[PDB]
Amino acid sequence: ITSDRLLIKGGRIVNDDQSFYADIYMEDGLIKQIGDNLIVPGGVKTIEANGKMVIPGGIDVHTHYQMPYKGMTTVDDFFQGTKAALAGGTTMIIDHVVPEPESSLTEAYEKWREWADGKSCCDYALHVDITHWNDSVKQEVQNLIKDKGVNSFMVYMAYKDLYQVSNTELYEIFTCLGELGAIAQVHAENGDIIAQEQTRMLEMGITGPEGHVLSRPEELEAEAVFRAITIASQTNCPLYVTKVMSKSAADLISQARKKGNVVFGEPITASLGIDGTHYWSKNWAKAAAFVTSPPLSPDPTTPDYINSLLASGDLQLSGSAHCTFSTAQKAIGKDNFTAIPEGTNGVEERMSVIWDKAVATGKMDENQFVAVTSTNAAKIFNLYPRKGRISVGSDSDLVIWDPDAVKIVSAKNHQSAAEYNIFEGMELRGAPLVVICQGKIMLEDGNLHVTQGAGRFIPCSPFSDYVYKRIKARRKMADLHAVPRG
């Protein structure tokens, strides 16, 4: 875990629970001291913060680095993708292991570990996607939680005849994951109806990217979410809705939380920063750059409403779902949108987008910003307070943040290998100046200083208090009752 001593002076420290002035001293990957007039060795490297903010580093809970799809890989791998993370203030990522149906979960995990251990600039952890379900899979799941530092698995309600699962299967999986202390994630979209609406759009000769969005209107995201929430509630399992893109999906989550259901919602940079009118762009490749599932909503009031609910705590946390394909790989579907590979950028811009859209607009303050950028992630995934908090003993991943900075986003300038950036030409308030990860300065003066494979896998235990205390209480509370009769 070795790093130099590091001292940051005159900083204003912003955590999710309060802000305060103090100096921070770091050593060997851990924060050692916080306060004034700190007693420290001489000739230690010192950064002068001058009252600029110091925050916990971002935790992007959703990535797809160098993800397999049909004999291709996404263009940003674990190395270049995490450079893109650190560039934008994110010091940890959580990626999705995707086993082939009938493939082994554990084998896919080993493989993903090898890729990541070897290339990642920063710490990371892993979700494991359950792309098919049967008795051996159920055993692997158990083994991954016990021996492998996984506590999060994702099922698919979409992709009919590929990954899609029946209602019985959902019920059995949520029952299992709940019993084991895991988080049940969902890709919540109704694959059965989408299959029909795709065929209808193609019969109507709408093969461009506009047919992607039109074949998955938000009604079908909504339905899938309502069903998942229902089943998660019958099986007393926590649910986590990934990639929240529509208003109606976010209402349902808000509505379910108020009722007392244990549900989390994960908007992504895309839904928080832009909308879906660009599927209608005359430039085909630009339209295809936005193809991701679920799609960006065409209702332009959507980004504002999603930031409003992230501000209110009705959505709890943000990720990016970074999946990047080259113009060339996207072109594979130039005659049929269903063949366009799905994914966009967003890892580098996540924090800037939310600051620009939710903070600078007076929706949330800097403390709730930290929450939705790192601190809630940490609690959900059982990384708290090691991550998502500046306090003594916590890992020394953190960021000096400039609320008055202004940047234009361009593909010209971004770390991503892709030629397109869906936020191209956008002007964002708020950006990082300095990034420390693992106690080491990894960004300063617009220069990255990274090392490939430095990142460690962070094992995530199950049963995080944040998620499971109310579930435990409900389990034990339960005493159903016969009516005793003659």
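Position 1 is the first residue in the sequence shown; the rest follow in order.
Looking at mean Cα B-factors across 314-322 and 400-408, the upper value is held by 400-408.
As the entry records it, the average C-alpha temperature factor is higher for 412-420, out of 412-420 and 377-385. Among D304, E100, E140, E266, the highest C-alpha B-factor recorded in the PDB entry belongs to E100. Taking the deposited Cα B-factors for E197, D129, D161, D299, the highest one is held by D161. Ranked against the other modelled residues of its chain, the C-alpha B-factor of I471 as given in the entry falls in the lowest third. In this PDB entry, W280 carries a Cα temperature factor that places it within the middle third of its chain's modelled residues. In this PDB entry, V61 carries a Cα temperature factor that places it within the middle third of its chain's modelled residues.
Annotation for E110: C-alpha temperature factor in the highest third relative to the rest of the modelled chain, per the entry.
Ranked against the other modelled residues of its chain, the C-alpha B-factor of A22 as given in the entry falls in the middle third.
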